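Have a look below at one chain only, the form deposited without adenosine-2'-5'-diphosphate, in structure tokens format.
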């Protein structure tokens, strides 16, 4: 296990924070993949958990978007990490959220809830996403507006950037929604896709197997529901050894906080 130093930390809500760490020189990955990271307990025993790398493959530093679980073995400790302190990291990437598992197309959809946006914070910054596909749709559904902030600022930084912030316009479309707090756009991803509301709001044609591709990251129950909706539009689940129209990955184990 490689120990890496935290370079920056930002909290967002009472259950969410993000941090950046130095990257192991031996680490080579594809945007969307995850790695095991952790800390040592009081007895020096490692507490490891899977984390999507939230930074693109070209970033010289690694970024992570994390939940804070009450009494959670890892995050009850990780939430207190400070710049200069170190975390543990297994520089062996894995995961199913890789562009190599999708057939080239015109529109790439990122469907995520909560911290599930993590792998997409990486992919939205991955040049290949805008090369192998023409448009990227970021659908992020959370309970409140504060939970959407990390993603909002990231999207804003991309669309507002002097250099590419103009070259991204029209290519990266952001569709955030809340399921509880009043917001200009609300509703679950499954519902807005099934009712066609999202197609209407974005002014686009319905989802189809020929031009649309999707990546899903939320609870297991969310993944299962979303998969059904994607299939109801003709898309099929693919893999690295057989690219199709969509791939999914659990954002966590269990029901979620």
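Positions refer to the first chain, counted from 1.
Note that the form deposited with adenosine-2'-5'-diphosphate bound isn't included here; everything after this is about it.
- This chain is drawn without adenosine-2'-5'-diphosphate; in the entry with it bound, the residue among 221, 204, 194, 27 with a heavy atom within 4.5 Å of it is 221.
- With the partner removed from view, the residue among 152, 185, 143, 92 that has a non-hydrogen atom within 4.5 Å of adenosine-2'-5'-diphosphate in the entry with it bound turns out to be 143.
- At a distance threshold of 4.5 angstroms between non-hydrogen atoms, residue 180 is in contact with adenosine-2'-5'-diphosphate in the entry with it bound.
- Although adenosine-2'-5'-diphosphate is omitted here, in the entry with it bound none of 31, 110 and 135 has a heavy atom within 4.5 Å of it.
- Contacts with adenosine-2'-5'-diphosphate in the entry with it bound, taken as any heavy atom within 4.5 Å, map within 236-252 to 252 alone.
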